[PDB]
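> For reference, the structure I am asking about is given below.
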Amino acid sequence: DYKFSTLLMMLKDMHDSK
Amino acid sequence: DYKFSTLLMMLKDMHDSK
Amino acid sequence: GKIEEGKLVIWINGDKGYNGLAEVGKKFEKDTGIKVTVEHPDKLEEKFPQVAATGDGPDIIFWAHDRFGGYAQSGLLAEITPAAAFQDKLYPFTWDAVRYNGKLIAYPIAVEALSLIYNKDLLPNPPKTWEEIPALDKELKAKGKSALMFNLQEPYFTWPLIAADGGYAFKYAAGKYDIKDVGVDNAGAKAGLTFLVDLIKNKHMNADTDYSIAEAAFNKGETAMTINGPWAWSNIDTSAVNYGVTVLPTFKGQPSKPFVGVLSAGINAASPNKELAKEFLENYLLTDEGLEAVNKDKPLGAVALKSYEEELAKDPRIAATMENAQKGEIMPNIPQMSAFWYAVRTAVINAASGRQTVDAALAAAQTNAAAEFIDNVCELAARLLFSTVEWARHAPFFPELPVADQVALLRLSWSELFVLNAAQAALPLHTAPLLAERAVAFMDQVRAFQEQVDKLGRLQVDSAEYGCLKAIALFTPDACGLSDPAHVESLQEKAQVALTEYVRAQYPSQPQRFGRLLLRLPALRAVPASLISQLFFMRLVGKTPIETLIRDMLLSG
Amino acid sequence: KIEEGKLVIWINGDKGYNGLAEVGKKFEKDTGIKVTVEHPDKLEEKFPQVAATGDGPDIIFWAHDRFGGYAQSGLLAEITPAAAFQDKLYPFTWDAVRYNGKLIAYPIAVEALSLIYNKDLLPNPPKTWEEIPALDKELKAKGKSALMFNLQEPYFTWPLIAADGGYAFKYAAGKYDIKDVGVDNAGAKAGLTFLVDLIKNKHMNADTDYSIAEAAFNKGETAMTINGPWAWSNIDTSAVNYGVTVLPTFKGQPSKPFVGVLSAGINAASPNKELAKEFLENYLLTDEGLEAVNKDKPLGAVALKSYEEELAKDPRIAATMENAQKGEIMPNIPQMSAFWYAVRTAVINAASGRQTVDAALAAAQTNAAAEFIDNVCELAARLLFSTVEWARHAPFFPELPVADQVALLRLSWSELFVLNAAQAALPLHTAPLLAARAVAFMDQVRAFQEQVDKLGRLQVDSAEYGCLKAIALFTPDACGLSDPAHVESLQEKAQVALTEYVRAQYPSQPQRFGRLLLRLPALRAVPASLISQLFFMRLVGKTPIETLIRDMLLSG
Ligand SMILES: OC[C@H]1O[C@H](O[C@H]2[C@H](O)[C@@H](O)[C@@H](O)O[C@@H]2CO)[C@H](O)[C@@H](O)[C@@H]1O
Ligand SMILES: OC[C@H]1O[C@H](O[C@H]2[C@H](O)[C@@H](O)[C@@H](O)O[C@@H]2CO)[C@H](O)[C@@H](O)[C@@H]1O
């Protein structure tokens, strides 16, 4: 549904946990 | 001897004087 | 900027009678000493919300009522408060058109509806159905003439046909318009637009026709019929044509349903001359004398002023105007009407040119018109971002680059590729700016974003050209820290040569297409990468820059 | 006005004016001409002020650095000693007082700063500046400090700033380059940072000046100081048993003191030019004359060969000349006073804590170089006017409505300017670095330079520059343009013009046309604010060029 929004969120979080 | 510098200054003053 | 006090500046459309209105201004100036300047800027329905957002613009804005609810929502219009004695002078249903959330936001002036205008010497009996037209055109084509010519660029003029069989924009449900229920792609809407497109395929009509071509053609006697409003009657009067005004033809047995507008005058919320504007509008324009002055310049239609309407009503042309109005529908004044109008504008142009099919065009218009949520556009943009990265990764010669060079190229060019993808994918770019001082500057980049996408549409850039343009943007030597800048220049040249060979073969009649395509690239870089994040990805990635997220992807695998 | 029949002499107060007045008394005894010596405050500033009006002394004494400025201002008489007299003085001293091929002063003595140290409190002085902090800690526990020298005058701190790479004006092809100033390079920053670090760590106090340092050293409170030969007299009369040695090294490299040649110039307005010549040549510039001054306050290595051969045996003169050989003789060019004031402000602010070393030296760089004496901003200003006049006469532009003309130049003026700046080789590598958010500015400056380079490597000729300017000018991306289609067709005419040109002129480069067009996206990326920040901020301040350009276009 909001597939690529959540994809972008994951990229965000991964980057955040660095 | 700084001719176009003063030209530019006259444009500034002209504009400031409104 | 700011609005000058002690005078009145008025904006009215150029097809209306601004010279008659300026005469009323002279009468006002004579009695009060207040200068009234009437102006007819281009695209003023778009100009007014832009300039009035900054406290600028005219004191009085004239337009059909459908754009005023949006204006009032944005706080751009002063609420008018005429005494009951004045309101009694105007027909109640005209007041209804200019009421928004219980507040009168404009003075209604006249009711305008499209009619079938026909040349009585070339066509004593005009067709009662749209289906008779092609046979009539074939008969007339053999005499140096065409049957019908009307403006195909504005959807106002083609809506009557689209709506005839079932097209309906926004459904009126429980005493208010339902923004969820849009009727732009139902069976009836497809039927109407298909008939229109079929008239163009069969060379009974030309997709390029606009207002000027149609009016010139009719008034010169080259065509037997046109579709227009009362404002157009003046120029036929002065021309040689002996004409009639009648009911629009039916489609599939049903009346054409023109969208009816009420010419209205709103007072700018930032005007320091609100009392002057009220004085001018109530006591000078909305009078038998004031309206007659404007009507003799360009007919206004059925005027809202009862005393003057009773006389004009006896005019056969006004009777024809109201018959079409009664078969069509008074436009909603809700803010979402401009979205609707924009959606249907692009749909009809693409469908009539042959670029898209009828169903495809109206399908897109349906989503665009029907969208009170940015969740979908932000989802589309999010995918185009992933699509953009994956495109570059597999672009010829890119996978063989060192990864630092891959990152460097995408660091600069990702936003450019994104805009190209957004243009190619018809990303709907007309919505609020999600809410400063230079905010105005931010808004200008939004328009430069929109305008460049439009230029790419008007160029009719095809998929093969989009592929080349993306490669030319990707392999840019302007990137920083390339290990082999010469290698990237030769990669850009391969894409340049590829685009050269393509257009030379595919568009041999346009020898300057190659250059014209490259001339769109400078506007690509001007769209800042921060604007894309601000508009689509701020909610998802906050402060984090897209560039470093892309670097992650490239180094992820 | 200046009195005739006598001599008025101005010499600094740290010099031996009483010895010089003794030479004046001998001159008066032989000739009857009264000689009055005076030591006014800040006379290097006083002399040009009074001499501009035809007043002041007949003879002015100062280091040679301020004489080129004086001679430029017409304040100094050209001296004309016979060849026989000139041969009595070392040639390199005559070089110090030569300006545009004209000798403008008599050279007297070579002075350079040395490390002066107390032998009883420090038998072996530090070879490096880096030893000082540990030495100061050690000495502080005995009631004393390691080092105290004048921090108010940049003369005294320059040796350290220059050690690692600091320089004032680069010597290039036999002359000093006022465009190339070295006050904010890495080496200058390294030197000034060490000095400031000595103050932060309380090894030195920023308020120290000449009197505090000399009093401290001569009273035995500090182990070391930095001063010239003039200061030796007061140490002789004091209790201290002292040595004169090489200045310590910084980062392995010698300290580089700025070498001065004490010189005597004749006021251009003096009516006593011959008397002054007779005094200087036959009385002062003699073994006896110089000895009289030297016994008051030592002059250094004197320019007079016969007397320098005697003094040369002095270990302290040997130390003086060793330090001089590690430094450089100051330029005598007019811009030296700009330099000295610029660095003066830098060291005081940095040492007080007011500004950071980087900020302080950034400002000194601007002042010392003055935008190449503001010539670059002057060239840029001409290019700006050139840009407007170019567009106005560009084919098809004059026939546009004025609102469309304004709209086009509103967007494209900066691009046309950049094309003109590349064509005109406007110096951009100079990187003014004039601040008023950091890497970002610096990134766009590098993108500006790199695009101009790309235009060079393309070898864009004058004809192509004409076309590229037209293609950029007639852009439909401008806002508010009546008939945008007309402008598209004008851009196409320019596009076709470039196509026809390159096909004919460079047939072996079939890709040159598109290649040239691919330089345009970088033209738009150069922000107009960057152009103003680097060239026009001083002239138009906050005002945006766009507004000013509209005025130019719609002025006439
Ligand atoms: O076609 C879209 C357009 O339709 C209406 O504009 C009409 C206007 O009401 C008429 O008075 C006349 O000027 O023709 C216009 C279309 O050519 C809507 O009022 C407008 O908001 C909408 O964009
Ligand atoms: O401090 C900058 C200053 O340096 C030189 O002045 C020296 C002078 O050469 C010495 O003889 C002695 O008087 O100390 C001065 C520094 O206090 C330059 O001659 C002078 O122009 C410059 O301002």
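As shown in the structure tokens, the chain order sets the letters A, B, ...; within each chain, residues go from 1, and ligands are also counted from 1 in the order they appear.
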What do you get as number ranges by chain if you pick all residues at most 10 Å from ligand 2, counting only C-alpha atoms and all ligand atoms?

D: 11-15, 42, 44-45, 61-67, 109-113, 150-158, 209-210, 227-231, 258-263, 299, 330, 332, 336-341, 343-344

> Output N, CA and C atoms for every residue in that selection, as a short mmCIF file (atom, residue, chain, number, x, y, z; two decimals), in the first residue's frame.


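So the final result, stored in part.cif, reads:
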data_model
loop_
_atom_site.label_atom_id
_atom_site.label_comp_id
_atom_site.auth_asym_id
_atom_site.auth_seq_id
_atom_site.Cartn_x
_atom_site.Cartn_y
_atom_site.Cartn_z
N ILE D 11 64.21 61.22 14.16
CA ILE D 11 64.67 59.85 14.28
C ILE D 11 63.87 59.20 15.40
N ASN D 12 63.67 57.90 15.29
CA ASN D 12 62.84 57.20 16.30
C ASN D 12 63.47 57.36 17.67
N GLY D 13 62.65 57.22 18.70
CA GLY D 13 63.09 57.39 20.07
C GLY D 13 63.85 56.22 20.66
N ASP D 14 63.73 55.02 20.07
CA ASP D 14 64.57 53.92 20.52
C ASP D 14 65.97 53.96 19.93
N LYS D 15 66.24 54.88 19.00
CA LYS D 15 67.56 55.05 18.41
C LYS D 15 68.40 56.05 19.21
N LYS D 42 55.28 58.16 17.03
CA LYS D 42 54.63 57.66 15.82
C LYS D 42 55.01 58.49 14.60
N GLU D 44 56.65 57.69 11.90
CA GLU D 44 56.41 57.06 10.61
C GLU D 44 55.03 57.39 10.07
N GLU D 45 54.09 57.72 10.95
CA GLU D 45 52.78 58.26 10.59
C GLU D 45 52.80 59.79 10.54
N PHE D 61 64.67 59.80 9.52
CA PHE D 61 65.30 58.51 9.73
C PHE D 61 64.24 57.46 10.00
N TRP D 62 64.29 56.36 9.25
CA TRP D 62 63.45 55.20 9.52
C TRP D 62 64.02 54.03 8.74
N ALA D 63 63.54 52.83 9.06
CA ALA D 63 63.83 51.67 8.24
C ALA D 63 63.30 51.88 6.82
N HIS D 64 63.94 51.21 5.86
CA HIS D 64 63.70 51.51 4.45
C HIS D 64 62.29 51.16 4.00
N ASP D 65 61.58 50.35 4.77
CA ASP D 65 60.26 49.85 4.31
C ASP D 65 59.24 50.97 4.08
N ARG D 66 59.33 52.07 4.82
CA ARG D 66 58.28 53.11 4.69
C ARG D 66 58.70 54.19 3.69
N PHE D 67 59.82 54.00 3.00
CA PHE D 67 60.33 55.09 2.13
C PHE D 67 59.73 55.00 0.72
N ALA D 109 72.31 51.63 8.42
CA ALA D 109 72.67 50.42 9.15
C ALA D 109 71.61 49.35 8.94
N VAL D 110 72.05 48.10 9.05
CA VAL D 110 71.20 46.93 8.92
C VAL D 110 70.85 46.44 10.32
N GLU D 111 69.55 46.33 10.57
CA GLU D 111 69.09 45.93 11.91
C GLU D 111 68.22 44.69 11.79
N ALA D 112 68.45 43.71 12.66
CA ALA D 112 67.64 42.50 12.69
C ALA D 112 67.48 42.08 14.14
N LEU D 113 66.34 41.47 14.43
CA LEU D 113 66.04 40.99 15.77
C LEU D 113 66.88 39.76 16.08
N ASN D 150 57.99 42.36 23.04
CA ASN D 150 56.92 43.26 22.64
C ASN D 150 55.91 42.54 21.75
N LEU D 151 54.68 42.41 22.24
CA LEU D 151 53.62 41.75 21.48
C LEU D 151 52.72 42.74 20.77
N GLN D 152 52.90 44.04 20.99
CA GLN D 152 52.06 45.04 20.36
C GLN D 152 52.50 45.35 18.94
N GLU D 153 53.80 45.28 18.66
CA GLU D 153 54.27 45.58 17.32
C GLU D 153 54.52 44.29 16.55
N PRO D 154 54.01 44.18 15.32
CA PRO D 154 54.16 42.92 14.56
C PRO D 154 55.58 42.64 14.11
N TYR D 155 56.44 43.66 14.03
CA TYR D 155 57.86 43.45 13.80
C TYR D 155 58.39 42.29 14.62
N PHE D 156 58.00 42.25 15.91
CA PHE D 156 58.61 41.35 16.88
C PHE D 156 58.02 39.96 16.85
N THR D 157 56.79 39.80 16.37
CA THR D 157 56.17 38.49 16.28
C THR D 157 56.27 37.90 14.88
N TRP D 158 56.60 38.74 13.90
CA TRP D 158 56.73 38.27 12.50
C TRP D 158 57.72 37.11 12.42
N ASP D 209 54.45 45.00 26.09
CA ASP D 209 54.89 45.90 25.03
C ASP D 209 56.40 46.07 25.15
N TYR D 210 56.96 47.12 24.52
CA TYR D 210 58.40 47.35 24.57
C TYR D 210 58.91 47.61 25.99
N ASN D 227 64.90 41.48 20.64
CA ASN D 227 65.08 42.90 20.35
C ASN D 227 66.25 43.09 19.39
N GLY D 228 66.40 44.32 18.92
CA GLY D 228 67.45 44.65 17.99
C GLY D 228 68.65 45.25 18.68
N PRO D 229 69.64 45.67 17.89
CA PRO D 229 70.89 46.17 18.49
C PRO D 229 70.71 47.42 19.33
N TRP D 230 69.74 48.27 18.99
CA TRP D 230 69.49 49.48 19.76
C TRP D 230 69.28 49.18 21.25
N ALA D 231 68.76 48.00 21.59
CA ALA D 231 68.45 47.70 22.98
C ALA D 231 69.65 47.26 23.80
N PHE D 258 62.16 40.17 9.79
CA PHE D 258 62.14 41.12 8.69
C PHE D 258 63.28 42.11 8.88
N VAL D 259 64.20 42.15 7.92
CA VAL D 259 65.41 42.95 8.02
C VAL D 259 65.14 44.38 7.55
N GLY D 260 65.52 45.36 8.37
CA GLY D 260 65.39 46.76 8.01
C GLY D 260 66.74 47.41 7.79
N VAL D 261 66.77 48.39 6.90
CA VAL D 261 67.95 49.22 6.69
C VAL D 261 67.57 50.61 7.18
N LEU D 262 68.09 50.99 8.36
CA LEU D 262 67.92 52.35 8.85
C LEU D 262 68.40 53.32 7.80
N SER D 263 67.52 54.23 7.40
CA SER D 263 67.79 55.10 6.27
C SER D 263 67.41 56.53 6.62
N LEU D 299 73.86 50.55 16.20
CA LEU D 299 73.05 50.66 14.95
C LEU D 299 72.91 49.32 14.23
N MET D 330 62.96 43.60 4.12
CA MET D 330 61.60 44.05 3.86
C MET D 330 61.52 44.68 2.47
N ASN D 332 60.37 47.68 0.10
CA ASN D 332 60.15 49.09 0.38
C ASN D 332 58.91 49.62 -0.33
N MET D 336 53.55 48.24 1.87
CA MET D 336 54.07 47.69 3.11
C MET D 336 53.32 48.25 4.32
N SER D 337 52.86 49.50 4.25
CA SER D 337 52.13 50.05 5.39
C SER D 337 50.75 49.42 5.52
N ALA D 338 50.11 49.10 4.39
CA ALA D 338 48.89 48.31 4.46
C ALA D 338 49.17 46.98 5.14
N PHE D 339 50.22 46.27 4.69
CA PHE D 339 50.60 44.99 5.28
C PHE D 339 50.80 45.10 6.79
N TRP D 340 51.63 46.06 7.22
CA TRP D 340 51.99 46.18 8.63
C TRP D 340 50.77 46.48 9.50
N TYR D 341 49.87 47.35 9.02
CA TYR D 341 48.65 47.61 9.76
C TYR D 341 47.76 46.36 9.81
N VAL D 343 48.63 43.25 9.74
CA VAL D 343 49.16 42.19 10.65
C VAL D 343 49.12 42.73 12.08
N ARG D 344 49.30 44.04 12.24
CA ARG D 344 49.19 44.62 13.57
C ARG D 344 47.85 44.27 14.20
#

> Set the cut-off to 10 Å and count only C-alpha atoms: what are the residues of chain C that reach chain D? Output as JSON, numbers by chain.

{"C": [42, 444, 447, 448, 451, 452, 455, 472, 473, 476, 477, 478, 479, 480, 489, 492, 493, 494, 496, 497, 500, 511, 512, 513, 514, 515, 516, 518, 519, 520, 521, 522, 523, 524, 525, 526, 527, 528]}

> For chain C against chain A, with a cut-off of 7 Å and counting only C-alpha atoms, what is the closest atom pair and its distance in Å to one decimal for every residue that makes the cut, ordered by chain and number, as JSON lines?


{"residue": "C:379", "atom": "CA", "partner": "A:5", "partner_atom": "CA", "distance": 5.6}
{"residue": "C:382", "atom": "CA", "partner": "A:4", "partner_atom": "CA", "distance": 5.5}
{"residue": "C:383", "atom": "CA", "partner": "A:4", "partner_atom": "CA", "distance": 5.4}
{"residue": "C:540", "atom": "CA", "partner": "A:9", "partner_atom": "CA", "distance": 5.5}
{"residue": "C:541", "atom": "CA", "partner": "A:12", "partner_atom": "CA", "distance": 5.5}
{"residue": "C:549", "atom": "CA", "partner": "A:11", "partner_atom": "CA", "distance": 6.6}

> May I have the selected residues written with C-alpha atoms, as a PDB file, in the first residue's frame?


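Output contents, as saved in result13.pdb:
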ATOM      1  CA  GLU C 379       4.250   7.190  -2.402  1.00  0.00           C
ATOM      2  CA  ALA C 382       9.195   7.467  -3.126  1.00  0.00           C
ATOM      3  CA  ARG C 383       9.054   4.805  -5.853  1.00  0.00           C
ATOM      4  CA  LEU C 540       9.916   9.865   6.082  1.00  0.00           C
ATOM      5  CA  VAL C 541      13.617  10.792   6.413  1.00  0.00           C
ATOM      6  CA  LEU C 549      20.808   7.306   1.661  1.00  0.00           C
TER       7      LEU C 549
END

> Out of C:97, C:173, C:331, C:412, which residue has the shortest atom-to-atom distance to ligand 1 when counting only C-alpha atoms and all ligand atoms?

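Checking each of C:97, C:173, C:331, C:412 against ligand 1, counting only C-alpha atoms and all ligand atoms, the winner is C:331.
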
> Determine, using only C-alpha atoms and all ligand atoms, which residues of chain C have any atom at most 6 Å from an atom of ligand 1, and tabulate each with its shortest atom pair and distance in Å to one decimal place, rows ordered by chain and then rising number, as a tab-separated table.


residue	atom	partner	partner_atom_place_in_ligand_line	distance
C:64	CA	ligand 1	19 (O)	4.6
C:66	CA	ligand 1	19 (O)	5.7
C:67	CA	ligand 1	21 (O)	5.3
C:154	CA	ligand 1	1 (O)	4.2
C:155	CA	ligand 1	1 (O)	4.2
C:156	CA	ligand 1	1 (O)	3.6
C:261	CA	ligand 1	9 (O)	5.3
C:341	CA	ligand 1	2 (C)	5.4

> Pull the strand (DSSP E or B) assignments for region 6-230 of chain D out of DSSP run on the backbone, and list those residues as a VMD selection string.

chain D and resid 6 to 10 34 to 38 59 to 63 76 to 77 89 98 to 99 102 to 103 106 to 111 114 to 118 128 145 to 147 167 to 171 176 to 182 222 to 227
